[PDB]
Amino acid sequence: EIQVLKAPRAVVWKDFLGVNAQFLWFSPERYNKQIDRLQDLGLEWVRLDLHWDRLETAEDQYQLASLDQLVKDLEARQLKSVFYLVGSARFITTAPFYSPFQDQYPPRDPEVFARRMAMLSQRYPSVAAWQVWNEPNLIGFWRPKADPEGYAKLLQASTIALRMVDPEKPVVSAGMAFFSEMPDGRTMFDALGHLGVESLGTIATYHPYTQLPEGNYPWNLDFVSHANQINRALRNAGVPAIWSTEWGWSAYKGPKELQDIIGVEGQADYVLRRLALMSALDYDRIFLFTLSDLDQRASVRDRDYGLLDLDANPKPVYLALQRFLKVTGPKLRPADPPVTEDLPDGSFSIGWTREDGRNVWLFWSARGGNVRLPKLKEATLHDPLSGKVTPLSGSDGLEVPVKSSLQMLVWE
Ligand SMILES: [Cl-]
Ligand SMILES: [Cl-]
Ligand SMILES: [Cl-]
Ligand code: NA
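Quick note on my numbering: the sequence shown kicks off at -3 and runs consecutively.
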C-alpha cells in the first residue's frame, strides 16, 4: 500500500528538530565544537540527560561545577535546552542492598526528587524546559516492575515543585520507551490516563524505536498508523504538546544487540527516512538520538548513534541531513505530492512547499522502480545520501527513478 503523508502544520526546523546531547562526557573545547556543528545545521534545541546519583553523591552533597559551567556555555551559545533528571541518589533509592543497579529504582519519597528538580530549575533559570525521569515503562529505568501509580505521584510532586519555581516554564513528562508499552501488556499512556494524569498539563513524549524507518518488519510498516493513533489519543486527552524526545539508529558494527547492523550508511538512510515521516506527523518537536558518538563508558551499540564522530566531525548521517536541510530550506508548509502514474507499491510520498514557493516531494519505496509525473516538464532530483543532483526534463511528463532510500524532487 502507498502511504501519503501531509503534515498538520508548517515545520520550522530550528523550532522542530533538536538533538539529544551528552555534553558532560566531553571537555568544553570538544562540546563547543559539537555545538558549532549543530548550529551549522540551523538547529538550536538540545536535550541533556542528568543522573541524580552523579549530581548528589551523598545526601545534600553535590557535584555541580561542570553542570554550572555547561549551563553558562549553553546560554552563551544561545541554545534552547530541555534537561531531564533520572535515577535515584544512593541515600533515597528503593533498590535492595544487593542490587547492582542502585539508581534504576525509583525514590522512596517522590517529594525528595521533586525538591532536587526545583533546586536545579532555580539554579539554572536559562533552561527552557524540565523533564521528569525517563522511560518508566522500561525495567532499566524503573525496577523491579513498571508502576503507573508511582510514576504519577513522582510526576505530580515534580510538576508542583517546578511550577512553584517558575509557573510559566514547561514541565515535560518522561519520554516513554517505544509507544509506552509495558511488559504486563498495558501501556503507560493508558494507565496514566486512567489515573487522570492529563490534569497536570505536562508535555507528553515517547521514543518510538522500530527496526526499520517505517516499522519493525518489511511486511508490516505500521509506524505511521501507530504514531497517528497514539498522537490522536494524546490530543484527545488534552495534552499541551507532543514531543518525541529520543529516536534514531546506531552505526555500530556489532555484535548485534537488539538493533540489526546497518553501519554508517544505513544510519544516514534510516535517519533521513524517519525524519521525513516524523516531520509530517503530529509532533510539536522531536530530538534525534544523538549529537555525538560516545566513548567506552557507553555500551557498544550506544557508542555510535552520533551525527558526529568522537572528534566532533560529521559522519555520513550528518552530511546527508545537512544536504536534506539545504534542499528544504528552513521552513516547510504542508502541500500535496505531484500527480503520479505507476508510483510503485509500498511507496512513501510526502509533499511540502519551501520558502521560495517551490514544491518538495519526499519519496521512496522498498521495491525501487520508476514513476511517471505526467503534468511536469521540469524538476530537479536530489539524492541526499550521495549528493547527486539531476535536472529532469520532458516534453510530455517526467520519469523519475524511485529508490529504497529517500530522494527529494524540487518542482514548480
Ligand atoms: Cl549527570
Ligand atoms: Cl530495560
Ligand atoms: Cl503535478
Ligand atoms: Na514496502
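Positions of the beta carbon are idealized from the N, C-alpha and C atoms, including for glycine.
- Using the beta-carbon of each residue, find all residues closer than 6 angstroms to any heavy atom of ligand 2 and list them in chain order. 134, 135 and 136
- Ignore the nearest five residues each way along the sequence and tell me which others in residue 379's own chain have a CB closer than 7 angstroms to its CB. Contacts found: 403.
- When you compare each of 130, 98, 97 and 81 to residue 109 by their alpha carbons, which one comes out closest? 81
- Pick out whichever of 6, 171, -3 and 46 has its Cα sitting closest to the Cα of residue 327. 6
- Message: Less than 8 angstroms between the beta carbons of residue 79 and residue 54, yes or no?
- Response: no
- Task: Take residue 337 and list the residues in its own chain whose beta-carbon comes closer than 6 angstroms to its own, dropping the five residues that flank it on each side.
- Result: 368 and 370
- Task: Output the residues surrounding ligand 3, defined as those with a CB atom closer than 7 angstroms to any ligand heavy atom, in chain order.
- Result: 334, 335, 369, 371 and 372
- Task: Indicate, with yes or no, if ligand 4 has a heavy atom lying under 7 angstroms from the CB of residue 345.
- Result: Here the distance from the Cβ of residue 345 to the nearest heavy atom of ligand 4 is not below 7 angstroms.
- Item | CA nearest to the CA of residue 196, picked from 174, 318, 166 and 219 | 166
- Query: Got a sec? Which residues, its chain only, sit under 6 angstroms from residue 282 by beta carbon, not counting five neighbours each side?
  - Reply: 240 and 274
- Message: Taking the straight line between their C-alpha atoms, what separation do you get for residue 353 and residue 388?
- Response: 19 angstroms
- Got a sec? Which residues, its chain only, sit under 6 angstroms from residue 305 by beta carbon, not counting five neighbours each side? 289 and 311
- Task: Give me the Cβ distance between residue 285 and residue 266, rounded to the nearest whole Å; I'm assuming they're in contact under 8 angstroms.
- Result: Going by Cβ atoms, the distance from residue 285 to residue 266 rounds to 12 angstroms, so no, they are not a contact pair.
- Proximity test, residue 86 beta-carbon vs ligand 1 heavy atom, cut-off 7 angstroms: No - ligand 1 has no heavy atom lying nearer than 7 angstroms to the Cβ of residue 86.
- Taking only runs of the beta strand (DSSP E) that begin and end inside the segment 28 to 85, which ones reach a length of at least 3 residues, in chain order? As far as the segment 28 to 85 is concerned, its whole beta strand (DSSP E) runs of at least 3 residues are 41 to 47, 52 to 54 and 76 to 82.
- DSSP beta-bridge partners of residue 213: DSSP lists 216 as partners of residue 213.
- Query: By how many angstroms is the C-alpha of residue 245 removed from the C-alpha of residue 174?
  - Reply: 14 angstroms
- Query: If you draw a straight line from the alpha carbon of residue 340 to that of residue 220, how long is it in whole angstroms?
  - Reply: 18 angstroms
- Would the beta-carbon of residue 361 be found less than 7 angstroms away from any heavy atom of ligand 4? yes
- Tell me where the beta strand (DSSP E) around residue 384 begins and ends. 384 to 389
- Say whether the segment 38 to 56 touches the segment 344 to 362, bearing in mind that this needs 3 or more beta-carbon pairs closer than 8 angstroms, one atom from each stretch. Pairwise C-beta distances place the segment 38 to 56 out of contact with the segment 344 to 362, as fewer than three of them are shorter than 8 angstroms.
- Query: When every heavy atom of ligand 4 is checked, does at least one fall within less than 7 angstroms of the C-beta of residue 214?
  - Reply: yes
- Task: Rank 83, 9, 28 and 11 by C-alpha distance to the C-alpha of residue 18 and give the top, closest one.
- Result: Out of 83, 9, 28 and 11, 28 has the C-alpha closest to the C-alpha of residue 18.
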